[PDB]
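Structure 1 and structure 2 below are the same protein chain in two forms, each given by itself as structure tokens.
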Structure 1
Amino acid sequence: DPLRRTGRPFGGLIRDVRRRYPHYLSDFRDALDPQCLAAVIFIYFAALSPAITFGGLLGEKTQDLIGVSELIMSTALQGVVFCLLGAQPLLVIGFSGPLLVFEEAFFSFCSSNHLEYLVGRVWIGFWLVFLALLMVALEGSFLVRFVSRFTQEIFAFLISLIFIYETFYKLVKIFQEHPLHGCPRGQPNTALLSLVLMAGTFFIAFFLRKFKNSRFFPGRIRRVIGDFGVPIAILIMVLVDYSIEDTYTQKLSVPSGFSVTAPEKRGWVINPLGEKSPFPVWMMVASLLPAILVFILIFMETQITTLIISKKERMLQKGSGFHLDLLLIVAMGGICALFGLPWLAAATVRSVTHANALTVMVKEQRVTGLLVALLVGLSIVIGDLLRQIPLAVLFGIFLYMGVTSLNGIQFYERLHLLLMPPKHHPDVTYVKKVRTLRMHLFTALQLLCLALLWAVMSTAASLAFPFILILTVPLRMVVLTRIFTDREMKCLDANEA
């Protein structure tokens, strides 16, 4: 197995290279199927829409220092380089929710302590490259074994709650900037039209997702339309806002062709020594802690995704790489942070959608991910026609993604059962073989950990949010094992089900 640890330095990296790179020409040869174009069209929007949404979020939170342009360029460049060199090109590299939360937290830290944001990110990137080299040299990737279900499900629930909270906080911000008063700020109809666009996009996307699973059309047409749940909802609720002539709604506001979102504030190359202000020498050495906290999120997400899409059920013949992908993502993000771009991590939802796109009932082609990255990059050449998409539509898609990512989490299912009567619980292993007062005790402990994570994230110590997260790994191995029994833990924390 790839996670086996050998004494030789860079054992995992060398094994992954010697496992995947001999199939380099076959990776391009296998892409000639007509299904690959359908997969590209399917996942291009599922990669582009999160990119622009998180670019808008970064522009709002970090005062346009990092925005839609920087995030689009980073996603495209890192996608191209990874798909050309990564061990598992079926991984879809993109900006994630927890990364956005941490970048907002780090920006708040820099603003509070009078530190420049981008230079601090440059030094976090340098330490990230050092940590990636060290971990891959010592083959620390086997630590992904210790990330149980108890931690993965808390993390995914945290991501989805982040999405929901950000959408609703943006809605409240709109309702406070444009209050409902009779006769830009104070504009009438803007708050209600933004709410209507958000709700309409969410409902169209949700109902098309349900229609994908429904039985109302030919089986091919149902799936084809359902895979376009997000593009069709965005198109419809953008045409609706285009038809309205006089009302003001906030638009996406991408910058001109190949430009920085804030040309006055920053250039492309961030000065690591200091940008118009001498960066202190204590922070360039103290950025080890934020680098560790970022590396925790990147490692957890990328390695969990690699575990998810490397299952024998997926039938991946060539085999993914746990070490090569981790190095090629963390080092790439560390180098990108020198140019003021956001570091990324292989996102599980996009990668799973891409993998399911190539399943034949797996194509294993680099060119699909490569072309998706290139199209995401050319979406800034598009320029206009992206600054006509209202932010309300993108936040509706944001809420739709946040709600639908909860589906399939065993934590969420056991949260449902906290309300249902004991007779109505479904016939699953953690219900049949665990007493209900014990299943609910486990759910309550997981809720306590999630609430502690959310409280740490909301307070002034938001930087320590990744570390507290991995504190759920020793807990499950030290505390929860001494509270619960082995029979209960083998059913509640089942590695697979």
Structure 2
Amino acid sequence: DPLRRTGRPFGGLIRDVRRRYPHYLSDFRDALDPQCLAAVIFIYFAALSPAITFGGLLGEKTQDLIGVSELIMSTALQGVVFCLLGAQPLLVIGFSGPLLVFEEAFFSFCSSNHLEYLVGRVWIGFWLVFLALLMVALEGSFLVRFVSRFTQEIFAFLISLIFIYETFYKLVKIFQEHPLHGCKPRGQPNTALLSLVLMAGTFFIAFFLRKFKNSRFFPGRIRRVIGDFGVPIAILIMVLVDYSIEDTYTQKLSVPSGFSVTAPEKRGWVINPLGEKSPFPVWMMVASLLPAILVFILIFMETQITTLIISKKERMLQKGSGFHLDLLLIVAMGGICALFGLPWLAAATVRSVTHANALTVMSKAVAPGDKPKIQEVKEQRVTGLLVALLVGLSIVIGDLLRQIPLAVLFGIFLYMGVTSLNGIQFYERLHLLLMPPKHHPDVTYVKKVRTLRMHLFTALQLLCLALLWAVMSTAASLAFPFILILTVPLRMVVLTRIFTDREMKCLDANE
């Protein structure tokens, strides 16, 4: 049991280091496989594009103090360090929504109260590193024992739904700004529909080559190699199709050029801990403790729930996981990077899951029957390091990256979001709301519990998911992690009252 209260200072860190580090050279040896190369090519784009999008937004919201170059550099550095020294190399760390919301709120507060923006973040980072060291010292990371399945399912489903909704909404804007009338360009003809054609074609080629992998055609070796290279093939085909057309205008991928700060006129690489143009007030020196707690809670909840999700016993993870070393590494790197004006980072979730299940291997036939079960996962320390190194070096290239339209990437994002839903009991019980009771499968949670009780459980879970989406839509979206934490007392108090012991054991089974 990794999550045990040892009773000694820093004990969990030592246990994780002793458990994971002996399997070190095997991590580098297990990378010799075409599947790893396919995974690198697939995950490179999925890690590169959100950096550009969120960097554009972040440059817009602030006074161009943090832009796209800084986010790229932070992602590269943190990814390389974490994948060299981490305990779970199947984690992809990058910027997200709640971090952006916090950054814009902090900038608004600093502007209103007449303080610097790049100086308060330094003290926030100092308090973060102090808090992380304190928590790892006392072994406070064993509290993730109480994060049951009832919370992981909600988190995973909500994250995937948000991903899908954002990807779909990014296509309505093209139709809005290039409408169908006929007679930074605006008002072009043949753009809003060519984007839709490219996106749909990419999604459908990806799904067809995914289904072809489990078919009965061609020799097994060739069939499996073609199956695990589906996404690169779809991207290549649609890039060439869009390259053939010469007169129509489509939006391309824009990576900034040169390793430089976005606004060199009023910023440097190193930020003075004290004031840089005016003295820093002393009251803020210790008042920085309050937002540090909020940042710590956000990063902690995201990282720990992601690590729980990708380490289920169904997925064949054999080398072990770490809940103490990973949190310390992530928070320490965030706090140190805040000194250079770089943003804080956290484990992604959709990217982490997509990385984890792009390396799984399935048992082939044994006999005609159901969809195969997972055989192994193939953990290694090379894929994430290569992805981070490539994201860092995407500045020297960029003449090639400007030939890739964005609608091609929208189909890949839709494929990621749709595929990531597999393996979640909430999703599987949502299907059972429609099938008649005689068609239900032979799983444990259908035979041992009545149908109506299972439907009541599903309705109670959907209510919480809708309540969580409502908060994030609301302007008071900084309270989302607290509402997420409140689900633990809910299950520990109310659900135990409503449901009997036998129902609770089967519906919320650990494995």
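Please note that residue numbering is based on structure 1, beginning with 1 at the start of its sequence. The term rigid core refers to the most C-alpha atoms you can superpose between the two forms while keeping them within 1.5 Å.
Novice: With each C-alpha assigned to whichever superposition fits it better, do residue 303 and residue 363 land in the same rigid part between the two structures?
Specialist: When each C-alpha is assigned to the better-fitting superposition, residue 303 and residue 363 land in the same part.
Novice: Degrees of turn, smaller rigid part against larger, between the two structures?
Specialist: About the larger part, the smaller one turns by 16 degrees.
Novice: By how many angstrom is the Cα of residue 150 displaced between the two structures when the rigid core is overlaid?
Specialist: Reported C-alpha shift between the two structures: 6.8 Å at residue 150.
Novice: Where the core is superposed, what shift in Å does the CA of residue 53 undergo between the two structures?
Specialist: Its alpha carbon moves by 0.8 Å.
Novice: Hey, core superposed, how many Å does residue 280 shift at the CA between the two structures?
Specialist: Taking the core as reference, the C-alpha of residue 280 is shifted 1.0 Å.
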